[PDB]
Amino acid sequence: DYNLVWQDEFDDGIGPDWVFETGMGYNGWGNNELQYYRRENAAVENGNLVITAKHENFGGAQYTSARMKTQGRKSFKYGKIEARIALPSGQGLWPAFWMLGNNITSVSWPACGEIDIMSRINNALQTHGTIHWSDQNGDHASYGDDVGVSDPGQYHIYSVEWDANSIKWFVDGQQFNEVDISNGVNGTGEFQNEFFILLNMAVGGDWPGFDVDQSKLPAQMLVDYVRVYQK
């Protein structure tokens, strides 16, 4: 049995476990992204976290959005990690609900491990579920899959069920991907550690491309909640 261990329902404001990131990181958050993240692009409305991507000059960027993380505040080793999210559609938009290993501080990326619960690019009727890590050879490895999501503008529960042997991905309880991590095979030992959660919406980058449909801005990513259950 899964029990609720943490949540953020965004009932009246952003809960105490979120840290806001700002700026463009290093080379556009490692992916040549175009937005400058700001605290100001995240708000709560009608019981939802609202991350807004805007066409706005700030800090030398042409776009602003928000990126939030639970690093140093809430981290999890295994669990059913889920979020109820509604996505905007527009060329250049790249929302994500994901996780990074706590040890990012000492081992860097991808050695810290990364669990992309949900990512989407542009107007795609597909979302992705992916892991990134450093295999036994010390190479940037990744394993991922996609699933058809025909109304991404609607709410959908994006989740992973993560345990010592596997990571399973779900959209609305439909399993669409699985990776075996049992006994740390192919350098996946890094997924037996604690991970924090991130939410963001990037504008442009290596994955969605550098064309942006600016007529779809301001664009809102809506997160009704983030919940973590553990057995």
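Quick note: we count residues from 1 along the sequence shown, nothing fancier.
In this entry, the higher average B-factor at the C-alpha atoms falls on 109-117, of the pair 109-117 and 86-94. Per the PDB record, of the two stretches 98-106 and 137-145, 137-145 carries the greater mean B-factor over its C-alpha atoms. Looking at 32, 65, 62, 165, the one whose CA carries the top B-factor in the deposited record is 165. Comparing C-alpha B-factors across 56, 172, 40, 206 in the deposited entry, the largest value falls on 172. In this PDB entry, the Cα temperature factor of residue 49 sits in the middle third of its chain's modelled residues.
Residue 177: CA B factor lies in the highest third for its chain, per the PDB record.
For residue 70, the recorded CA temperature factor ranks within the lowest third of the chain's modelled residues. When the modelled residues of the chain are ordered by their C-alpha B factor, residue 16 lands in the middle third. Annotation for residue 195: CA B-factor lies in the middle third of the chain's modelled residues.
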